[PDB]
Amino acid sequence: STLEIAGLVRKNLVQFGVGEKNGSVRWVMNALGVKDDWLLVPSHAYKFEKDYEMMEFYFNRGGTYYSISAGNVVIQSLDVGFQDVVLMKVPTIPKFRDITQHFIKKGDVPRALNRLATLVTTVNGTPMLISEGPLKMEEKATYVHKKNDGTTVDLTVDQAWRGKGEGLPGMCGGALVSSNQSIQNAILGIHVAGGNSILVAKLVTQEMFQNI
């Protein structure tokens, strides 16, 4: 069911934060553990700020905190080009339950279209289920990221789900879960943007995990 997939997502969601060495942590969004010490996280969380590699990354797993130099996480792309969401290996994180087999197969994408879905996410650790209206797939999606200083960047990704719904700051990194029980309520991807009552998630397929 949607709710049981949601429980598996919930248990693998951590809070992602960034800070300078010896400084306060800025808690930005969610990251989703997928297998071993690998997580999915929107790279817009960190990549557009100055000297990101000299920062410390923080992972909050239910009130237990894990930190690491940004230079010591291994970042792997989902596909060619910029997809925002990346795979990130964090050596200091406790091993995750392998949830990769719960993600949609590329070939099954059409089966999630025109059906409801649920965004399974948090706002700074408080779990939320956000209803999304019948889904469409945009071959290219563009959204605006506001950086810490106030300036903005336009981001464009390939293959992003679009659904009617109401989101809040901090919900990025949560997982979109299909209502379609015939594909075992597959995880469809990772929430990256929202506005004007529309929610956008980058497609993440099972096949993408072959990038190790």
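So that there is no doubt, residue numbering starts at 1 and follows the sequence shown.
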| query | finding |
| --- | --- |
| Residue range whose averaged C-alpha B-factor is higher in the record, 143-151 or 166-174 | 143-151 |
| Residue range whose averaged C-alpha B-factor is higher in the record, 82-90 or 131-139 | 131-139 |
| Identity of residue with top Cα B-factor, from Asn114, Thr121, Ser77, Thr100 | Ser77 |
| Member of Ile190, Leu199, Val25, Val9 with the greatest C-alpha B factor (per the PDB record) | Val25 |
| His44 CA temperature factor, ranked by third within the chain | lowest |
| Cα B factor band for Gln159 (lowest, middle or highest third within the chain) | middle |
| Within-chain third of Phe57 by Cα B-factor, per the entry | middle |
